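Okay, here we've got a single chain as structure tokens, the form deposited in one PDB entry, with questions on binding and movement later.
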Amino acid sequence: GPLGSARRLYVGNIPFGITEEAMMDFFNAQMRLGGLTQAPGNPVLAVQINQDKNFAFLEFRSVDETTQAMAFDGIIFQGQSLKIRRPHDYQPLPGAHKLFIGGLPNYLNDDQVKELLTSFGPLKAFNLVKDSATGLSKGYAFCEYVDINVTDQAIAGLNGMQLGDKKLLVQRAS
């Protein structure tokens, strides 16, 4: 559900034949050296490795230290650049990464506006604000990407873009 999977991370591309204990020791050391722990001790409680598919799950003692550890994405461990991700069944709460899109040409419809946005990735929410009487577009919209990592990319990619005789505004909605 909404609050599940908040103290685990997926780690891909792990070193061949690495032990769970060695991985645990590596991450606990890095958490401490990097200043990512929030209290004395080791944030990583356990590592479960799938050897056949070469990935691991890390289990953390707290929700906030799990979040901090996302910063280790790409860290080199015994020659391998580790891939660090959220569990697939972890999700931010609804609207956490809502985008406002303003300055759209009023004659474009829903599908036409989404075409610009979905070029960065799939959307879990979208609405183009329209005058409810006439049904006409007011030239601004909101959306949310399925993958919340995409949010900063769409902003970097679309904000301030020239579009007709307007500059697009794309920013986090709150």
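A residue's number is simply how far along the shown sequence it sits, counting from 1.
Looking at the deposited entry, does 125-133 or 56-64 carry the larger mean Cα B-factor? Taking the mean C-alpha B-factor of 125-133 and of 56-64, the larger value falls to 125-133.
Higher-B stretch (mean Cα B-factor, as the entry records it), 88-96 or 71-79: Comparing 88-96 with 71-79, the higher average CA B-factor belongs to 88-96.
Per the coordinate record, which of the options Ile148, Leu33, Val44, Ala141 holds the highest CA temperature factor? Max CA B-factor in the entry, restricted to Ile148, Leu33, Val44, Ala141: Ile148.
Could you say which of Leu9, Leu163, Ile14, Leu158 has its CA atom at the highest B factor, as listed in the PDB entry? Among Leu9, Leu163, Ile14, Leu158, the highest C-alpha B-factor in the entry belongs to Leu163.
Using the B-factor values recorded in the entry, state whether the Cα atom of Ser174 falls in the lowest, middle or highest third among the modelled residues of its chain. As the PDB entry reports it, the C-alpha B-factor of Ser174 lands in the highest third of its chain.
Using the temperature factors of the C-alpha atoms in this entry, rank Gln112 within its chain: lowest, middle or highest third. It belongs to the middle third of the chain when residues are ordered by C-alpha B-factor.
Give the position of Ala29 by CA B-factor within its chain, expressed as the lowest, middle or highest third. Lowest third - that is where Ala29 ends up once the chain's C-alpha B-factors are sorted.
Heads up, the form deposited in another entry isn't pictured, but that's what we're talking about next.
By 3 Å or more, the Cα spacing of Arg85 and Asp147 differs in that other deposited form; is it closer or farther than in this view? Residues separate in that other deposited form, at least 3 Å farther apart.
Can you tell whether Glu144 sits closer to or farther from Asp89 in that other deposited form than it does here, judged by CA atoms, where the change is 3 Å or more? Note: Cα gap between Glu144 and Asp89 shrinks in that other deposited form.
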